[PDB]
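The block underneath contains the structure these notes are about, expressed in structure tokens.
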Amino acid sequence: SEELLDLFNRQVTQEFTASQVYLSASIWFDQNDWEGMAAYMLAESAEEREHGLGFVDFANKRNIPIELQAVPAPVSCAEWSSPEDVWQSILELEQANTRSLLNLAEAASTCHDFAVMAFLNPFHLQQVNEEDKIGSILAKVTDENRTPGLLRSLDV
Amino acid sequence: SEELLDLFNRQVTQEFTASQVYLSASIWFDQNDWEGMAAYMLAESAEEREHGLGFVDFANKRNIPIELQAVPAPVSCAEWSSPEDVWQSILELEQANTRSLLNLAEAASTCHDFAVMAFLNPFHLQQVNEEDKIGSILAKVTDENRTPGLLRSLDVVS
Amino acid sequence: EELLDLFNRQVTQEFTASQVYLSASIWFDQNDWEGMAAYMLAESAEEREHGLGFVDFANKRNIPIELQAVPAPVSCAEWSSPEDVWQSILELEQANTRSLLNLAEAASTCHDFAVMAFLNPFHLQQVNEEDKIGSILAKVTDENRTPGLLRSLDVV
Amino acid sequence: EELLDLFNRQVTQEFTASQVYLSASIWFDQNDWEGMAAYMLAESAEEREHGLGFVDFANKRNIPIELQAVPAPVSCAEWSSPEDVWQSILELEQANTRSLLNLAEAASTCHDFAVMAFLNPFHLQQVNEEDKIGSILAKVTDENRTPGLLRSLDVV
Amino acid sequence: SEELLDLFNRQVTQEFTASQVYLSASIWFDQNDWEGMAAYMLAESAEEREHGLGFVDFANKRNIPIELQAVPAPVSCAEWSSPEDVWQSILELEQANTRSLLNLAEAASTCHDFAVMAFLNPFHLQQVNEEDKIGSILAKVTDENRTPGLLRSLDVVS
Amino acid sequence: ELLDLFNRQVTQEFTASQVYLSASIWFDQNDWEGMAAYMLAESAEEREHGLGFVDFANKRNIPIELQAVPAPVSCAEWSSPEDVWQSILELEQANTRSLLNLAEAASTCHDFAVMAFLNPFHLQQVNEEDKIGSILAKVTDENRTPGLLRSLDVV
Ligand SMILES: [Fe+3]
Ligand SMILES: [Fe+3]
Ligand SMILES: [Fe+3]
Ligand SMILES: [Fe+3]
Ligand SMILES: [Fe+3]
Ligand SMILES: [Fe+3]
């Protein structure tokens, strides 16, 4: 179950990585005068970090040794040119978050780690909601952005 | 101009670095059953991150380009043996945080960037308070750790 | 001295800005942009309040104030769409930031610590103000690309 | 059009009176009459609200407004006691009354019944204003016959 | 640097000194039956002392060694013979209080001590208000004392 | 002289106020924030007593000449909280002696109003000496085990 301790560490790292990527997206939104979209990303940034803290807290309680990895620089921001690009990368991030949680659940299942499985249950359910929501926002952005100016309306 | 813009950008990295080292301390304290000290380190971790977000927000408004950098793996944790070690690393962290702010203020000064200097003032004053507070806690920790079990007795209280 | 002269000029620049905001509110009102008009009117009162704050401080610090003419606004003659108005307003705020920086430079030269402390919150407020007008202008320029679309968001 | 011209001259007069009242507050403040300074300051704000009321009316009624320069108040350079200040203020109010009566006369000639209705409460207000200033000026010139006594009454 | 540290110490002494000078002014007013003026001075004395305490507390946080000096006796009371003399000495005390702070800021500036500069900003602004308020009371006093007994109205009011 | 001693009681109160302030400074610089807050509160209170004496002297036409308030000097030689508390006990004993000498001079002059004014200060000095005495005893007891006194500064 090195594989398990490992994946559990990778999950913590994925949560903080995703928090930074959300922060990068709020920065791009802000810089380009989409304050509504920026507020939304900033709030998701804080939430991803809360998920990381929740995994750490659980690992401490269960004596899963956690060691903090570097949180890499978000990369996609240098390539974003419009809100559509940003929301697409955020959907890909969320798909990565889902995979990372499934990888861990798979390893827990193999080890018969029932406590880890019970712990992950609300995060599986949260990811379903998260993916659906981002996917749904991206569809609106992509439909609205077909008329010059109209997406500025969505920005609330 | 280059210097100021780079340093401002780097100040955000230093805020998030400090956030992660606070978090690593919390995990050490937790793993070693110092839950009072862990909760304190945890709250400081949130607070450092809020400072880095205030620098980001100001940079956005002032058109200072921000490029978010890697937040490095905290390293002091592999070598911590006792609460005193962790608090001493936290003191060094705050002293570093103060130095990075004074450097930034030094560049803002050279550049005559009055806005950045105004923005920095409450951070300077906050750093004075933070160093004092951590210095004080370390002195308390080092004094109580002289009698076996006594320091534990304070984690439980305050 | 040079510091007295500039302190006076800042007063004049605040009252000039207050009138330029009023001129913008009139153009928007006459062209049926009531929400943009209400916004300019609000800014006009607030520039005047800054003017009064400088005067109050100068009287306390024995800096003599000579009230200058507030010149007739002249951009309204060229405005023909909301984008032209907002562009003139961003240039007004850039000039406000400049008048304030010149005053700060002279206070710094004379080592006038109390003047510098007084200007700090105005420094920070000018950051917010430039950002905010820049952002509305970017939004206006984007929405204006579809006929009627700007109008529908003046109703907001 | 006499009417349009005069309606514009009325706005300028309101904003001019606002600036003159401000000049008077400065003189009072500089000379440590904080009670009188606060009174002149409140009156400065009210005069500007009147000018805003005429501008708003003018916009609704399609009276084109071009905002003219607000001249530097210059009386301040020769004021040397509160009596001089209050006397200039009375003179300012008598000029406010004349411009309003001039405007009403042109409205009347043009049979402009909407303008006439709009002017009624300003005619009544000017009545109250001249009475009030004339009455303060009588108190000030009576109390100033005893050294220090006027001061004792700036404790408003 | 020694000079900043020394001026910081002298700033504390200047605040306590002004506190005692205000107290001397309330005593003279009270002895001569100007209880309104006496209450004003007494409020100002507690306030100056609060300033000295704020300076002490900042110095402690920032490890600026403080050594309390003697608070010298007020000297001007022996020569006051009317409220005008008192308010005039009080305006002079506040002019010195402002010079004293300006000197300290100049030394902080030379040293690039941005934390000290940030800490002094509200004291620079408070001195502006204090010198204007005292200057205006002095003007009112010297005007009203032109008519025998009239000044005795200022008092039995403010 | 009653008048001379009355004037000197003012100086003693403000002297005590400053020594208490010197003691908060030492505790604060040495990270005893609990003891520092207590000293600071006692500093304010000693100054209030001095103000009460001045106010009574003004009412009773006792001329008040404010004297120099001397520099506290025990701070030079404090190296533990026990030293600081020992100096404060001596300060309060001094405060008590100067009130008794003032009372003695009032008694000799049959100054009944001064004696009546002093009564609550005599009772307050009894409480003060007891409380400081009692703190010094707790401090000297707890300081026999390394770090233990620190643990109770948090109180
Ligand atoms: Fe997550
Ligand atoms: Fe920080
Ligand atoms: Fe402004
Ligand atoms: Fe009017
Ligand atoms: Fe002060
Ligand atoms: Fe006492």
Side-chain angles (χ1 to χ4, degrees), chain A residues 5 8-10 12-13 15-35 37-39 41-80, chain B residues 8-10 12-13 15-35 37-39 41-80 89:
Chain A
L5 153 66
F8 198 107
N9 283 266
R10 280 174 17 168
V12 172
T13 296
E15 293 302 346
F16 297 153
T17 298
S19 181
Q20 291 287 94
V21 169
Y22 272 118
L23 179 60
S24 179
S26 82
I27 292 171
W28 189 94
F29 280 133
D30 250 305
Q31 280 174 331
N32 290 276
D33 302 308
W34 300 91
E35 295 86 354
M37 286 176 195
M41 292 304 173
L42 177 72
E44 279 300 319
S45 180
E47 249 211 295
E48 297 286 0
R49 166 167 197 281
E50 292 301 327
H51 299 166
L53 302 181
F55 275 79
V56 169
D57 179 41
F58 183 87
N60 283 352
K61 295 182 315 180
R62 243 288 295 268
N63 314 112
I64 293 160
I66 279 317
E67 205 138 23
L68 301 181
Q69 301 309 298
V71 184
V75 304
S76 305
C77 172
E79 105 218 314
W80 296 328
Chain B
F8 198 102
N9 189 70
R10 115 97 193 279
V12 173
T13 308
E15 297 309 325
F16 294 151
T17 294
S19 181
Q20 285 290 109
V21 168
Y22 273 111
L23 176 60
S24 78
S26 89
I27 289 172
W28 190 92
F29 280 131
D30 227 72
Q31 282 172 345
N32 288 284
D33 307 304
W34 297 91
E35 291 86 358
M37 289 171 192
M41 283 312 167
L42 194 69
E44 286 270 37
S45 181
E47 174 88 1
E48 294 297 346
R49 169 167 193 276
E50 284 302 308
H51 299 159
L53 300 182
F55 279 71
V56 169
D57 181 46
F58 180 88
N60 288 349
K61 294 185 300 189
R62 239 290 295 266
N63 307 122
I64 294 166
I66 284 307
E67 255 183 291
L68 284 178
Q69 312 189 114
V71 186
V75 297
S76 300
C77 186
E79 307 281 296
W80 287 333
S89 297

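FYI, side chains are in, hydrogens and waters are out, and symmetry mates aren't considered; it's all heavy atoms of this structure. Each chain gets a letter, A, B and so on, in the order its sequence line appears, and its residues count up from 1.
Across every non-hydrogen atom of B/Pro74 and A/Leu68, the tightest pair is CD-CB, 3.7 Å. Annotation for A/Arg49 and B/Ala46: closest pair NH2-N, 3.7 Å, computed over non-hydrogen atoms. In terms of heavy-atom proximity, A/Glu67 sits nearest to B/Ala78 at OE2-N, 3.9 Å.
At most 12 non-hydrogen atoms from other residues, nucleotides or ligands lie less than 6.0 angstrom from CD of B/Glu79.
The contact between A/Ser45 and chain B is made by backbone and side chain atoms together, counting heavy-atom distances below 4.5 Å. Of the two parts of B/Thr17, neither the backbone nor the side chain holds a non-hydrogen atom closer than 4.5 Å to a non-hydrogen atom of chain A. Looking at A/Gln20, the atoms closer than 4.5 Å to chain B (heavy atoms on both sides) sit in the backbone and in the side chain alike.
Atom CD1 of B/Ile66 sits about 11.0 Å away from atom OG of A/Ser24, to the nearest 0.5 Å. Once rounded to the nearest 0.5 Å, the distance linking CG of A/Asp30 with NZ of B/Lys61 reads 9.0 Å.
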Problem set entry | Audit row: B/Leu53, A/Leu23, side-chain contact (heavy atoms from CB on, under 4.5 Å) steps and yes/no | CA-CA 9 Å; B/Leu53 300 182; A/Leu23 179 60; 3.7 Å; yes
